Each structure stands twice: as C-alpha cells, then as structure tokens.
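Just one chain follows, in the form deposited in one PDB entry, and it is written as structure tokens.
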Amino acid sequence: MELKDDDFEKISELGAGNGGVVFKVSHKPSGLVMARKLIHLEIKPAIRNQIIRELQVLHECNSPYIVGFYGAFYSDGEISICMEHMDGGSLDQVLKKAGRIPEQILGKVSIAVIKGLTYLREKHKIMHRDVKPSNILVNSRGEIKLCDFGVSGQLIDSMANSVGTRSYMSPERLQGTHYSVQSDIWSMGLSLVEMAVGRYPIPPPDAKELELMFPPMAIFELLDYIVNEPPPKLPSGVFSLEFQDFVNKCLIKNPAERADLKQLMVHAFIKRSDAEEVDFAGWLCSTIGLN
C-alpha cells in the first residue's frame, strides 16, 4: 500500500539531529505505528524524484539486523522515510540512561553490527557511511538493528555539506577521498569504545579520569588528533583481552591493515560473545524503564 502525508497523524517526537527529525506517527489506514523521518531539502523535483526512486531499494533490505522500511515519499520540502518504530531507541540514548554498556552486551551489539554491514555489502553492495551509536536502534524484543545507511547515491550528494564536535569518521575519510567500506569498521570500533567507556573516547581519558569511572575540543584540534595521534584503546584490566584486541583491530589507522568484516566475524571476541547466553531484552528495559 502507498504512503501519503495526510494518512499520518503525529504521536510524539522521537528526536532530531542534523538534517533530519523523526516522529512517532500513526499510519491511520493500516493502524501501524511507524517512525517517520523528515529530511528538509530545497532541491529541484527531478533530483527529489530520483532520491525517492533510489530509496525504494530499502523495500528489499530485509534483515533482523536492519531496520524495517515501510515507504518513502515527498511532502513539502520534506522527504519522508517511514520505518519500523524501535521502542528502545538508539544506543546513544541507552548509553545516556545507562552510563556504560557492559562488555557482554556490547558483544551482542558487535555481532549485530557486523551482520548488518555484511548484509548490506553482501546482498546490496552498499556501504553504511554513518556508523555511530545513534544509528544503531534497539527494541524490547532484543533486536539490534542498523539504520540511516547510505542507500541512495543522490542523497549522499545532496547531503554532502552540513558535522559538529564528534567525528566517527575514519582518518582516511577525514583526510581525503581515498576511502571505502573499511571506514565503517573504524566507525564501529570507536562507537564500541565510546559505549564501553561512557563517553566519546577522544581525547582518551587521563590517568585520573580513568580510575574515577571505575573542556570540549576545537574542531581542527579534534580531527588533528584522530588522524595523527595513536588511536584509542580499551583500558587494560576492566575488559577481557579478547575485547581489547577486537577494538584494536577495528581501529588500525591504515585501512588495508585494519580488520575486515570477514575477519572480525571469526574473531575470538565475536565467537565468545556468539556463545554467551545473554538476556539483552531484559537488560534493555531494566536499564531504561519499560516492559
């Protein structure tokens, strides 16, 4: 069934950020609760049709590790993407409420991210391009799913400009055009360290700030750090050697030396997490108040 603007009714706002705002909406004709992302783009009709056209491939991105798509359309200066509502939010949200995220949980997340990236690359030859904690969604059934990946090339173009004071970009992507899918591996590694530790891990915590857990940077100052200083590490002692090596291999500055999806999928840490009996659903609601 096709989706139009007037068949929707707003319920609440799930949040916003940089070029988009997403609402919890009711799709009146079907009764479904959806998440509807609005993206403002002053752009000619010819290209917006192509964006809408390109976004349709989301209809065949079906995976337990990828957020469900309902449909895409154009309202007034607004491109709408309608998706599965994830009643548990983004990992960046659960991080706030949780402080830190336990290694074993992070292990299940790692599993989901790899399978998600693998699915998108394997079955669609598509690179994510924006891996970070806000674009990993979770829900009360304990599903862990990726969103906001770069499915439409023209959207990639039309969003080219508009970034902030926290980069999840690989150093190769920061420095030039010589980047690709290995960049997502970096984005993952960093995200993990962040969720693991309780904050964006650059710059890395001083001697003091570390034993406590257990000013914001200038733009250039931060990017300069990412590309020229050694990458962040999981602090020793509080995380299994397995986890440490995993993130370490994810955060190699040289993208050709950096681990790939193939390799991470059979890494000691994944295989260990793969076996671990973890009630992720239970932990989720427990730490954010719910079911």
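For clarity, a rigid core is taken as the largest C-alpha set superposing within 1.5 Å between two forms. For every residue, the number given is its place in the sequence shown, counted from 1.
*Asks:* What is the count, as a class, of unmodelled deposited residues between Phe220 and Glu221: none, 1 to 3, 4 to 9, or 10 or more?
*Replies:* Going from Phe220 to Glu221, the model skips no residues of the deposited sequence.
*Asks:* Counting only residues of the deposited sequence, how many between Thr177 and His178 have no atoms in the entry (none, 1 to 3, 4 to 9, 10 or more)?
*Replies:* Per the deposited record, the segment joining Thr177 and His178 has no missing residues.
*Asks:* Taking the recorded C-alpha temperature factors, which stretch has the higher mean, 47 to 55 or 246 to 254?
*Replies:* Between 246 to 254 and 47 to 55, it is 47 to 55 that shows the higher mean C-alpha B-factor.
*Asks:* Look up the CA B-factors in the entry and say which stretch, 38 to 46 or 224 to 232, has the higher mean.
*Replies:* If you average the C-alpha B-factors of 224 to 232 and of 38 to 46, the larger mean comes out for 38 to 46.
*Asks:* Looking at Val67, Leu261, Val238, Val33, which has the biggest Cα B factor in the entry?
*Replies:* Among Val67, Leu261, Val238, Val33, the PDB entry lists the largest C-alpha B-factor for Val238.
*Asks:* Could you tell me which one of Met195, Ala207, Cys147, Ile144 shows the highest CA temperature factor in the PDB record?
*Replies:* Among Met195, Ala207, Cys147, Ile144, the highest C-alpha B-factor in the entry belongs to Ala207.
*Asks:* Of the three thirds of its chain by CA temperature factor, lowest, middle or highest, which one includes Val163?
*Replies:* Tercile = highest for this residue's CA B-factor.
*Asks:* In terms of the chain's CA B-factor thirds, is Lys123 lowest, middle or highest?
*Replies:* Tercile = middle for this residue's CA B-factor.
*Asks:* Going by the recorded CA B-factors, say which third of the chain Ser80 sits in, lowest, middle or highest.
*Replies:* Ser80: CA B-factor falls in the middle third of its chain.
*Asks:* What third of its chain, lowest, middle or highest, does the C-alpha temperature factor of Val94 fall into?
*Replies:* For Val94, the deposited C-alpha B-factor lands in the middle third.
*Asks:* Would you check the entry's CA temperature factor for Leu155 and let me know if it's in the chain's lowest, middle or highest third?
*Replies:* Tercile = middle for this residue's CA B-factor.
Just so you know, the form deposited in another entry exists too; it's not on screen, but the next bit is about it.
*Asks:* Superpose on the core and compare between this form and the one not shown; which one of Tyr200, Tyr119, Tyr74, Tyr179 crosses the 2 Å Cα shift mark?
*Replies:* C-alpha shift of at least 2 Å: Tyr179.
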